[PDB]
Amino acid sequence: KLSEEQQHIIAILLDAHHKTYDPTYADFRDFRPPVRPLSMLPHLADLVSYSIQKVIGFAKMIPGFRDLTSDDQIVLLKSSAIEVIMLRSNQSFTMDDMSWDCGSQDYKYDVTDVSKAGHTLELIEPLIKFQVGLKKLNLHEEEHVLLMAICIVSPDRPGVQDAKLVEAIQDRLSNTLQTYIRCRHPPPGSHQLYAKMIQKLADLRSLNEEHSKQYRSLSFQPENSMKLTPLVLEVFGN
């Protein structure tokens, strides 16, 4: 069953998430104002930038993450950043209208807002489909934080050095998730739940890939790169 360590792992992750995800979305007011020719870029650039900071705050609390070297921690964050932001955004996504509801109407985002950031349906369509399938899973918050932590500590991320150590940390998280599903997730919602969760990690790899492509495209234009932030440039590329 759920050993003491595993129960500890869940509590730590839950708290780490609670300390990095503000469901009141109060900070969105500090971002450059959203405008509804890439009129949403300044706003979403700031939102993404803000989100990267929050994802880092979460990662540092992942039991074992700090044991990794500086370079491996950096490699994991740069490669998973966009994936965890997509994954954590599911919390504000609504299947009512396929949009992300972050408090007010000014901070309620849809397919048009993302396109107005310079992205095409080649990314947006599968992004919504992802959000929909993840939502359909109705994960317990415990499963949600474990999935984000597992996504961050992935051994196959390019540039990783101590893959062995990275894999050990992730396996400890995986076994925690698997065991939690058996012991705390009642059927039928638990039916192949683990496998479906891992499929979403594969889905994220594909989304990451497409995002990077469109990002390289968008940021290649100095006028667009100019509207981004220093953190976004450092993490996503320059």
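So that there is no doubt, residue numbering starts at 1 and follows the sequence shown. Take the two forms, superpose them, and find the largest set of C-alpha atoms that agree within 1.5 Å; that set is the rigid core.
- Superposing on the core and measuring CA offsets in 9 other deposited structures of this protein, the stretch of 10-18 and 211-219 with the greater mean deviation is 211-219.
- Counting the deposited residues that fall between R36 and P37 and carry no coordinates gives a value of 10 or more.
- Looking at 47-55 and 189-197 together, the entry lists the larger mean B-factor for 189-197, computed on C-alpha atoms.
- Stretches compared: 213-221, 10-18. Higher mean C-alpha B-factor in the entry: 213-221.
- In the PDB entry, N175 places in the highest third of its chain by CA B-factor.
- Sort the chain's modelled residues by C-alpha temperature factor and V235 lands in the middle third, per the entry.
- When the modelled residues of the chain are ordered by their C-alpha B factor, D110 lands in the highest third.
- In the PDB entry, a CA B factor belonging to the highest third of its chain's modelled residues is recorded for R184.
- In the PDB entry, a CA B factor belonging to the highest third of its chain's modelled residues is recorded for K164.
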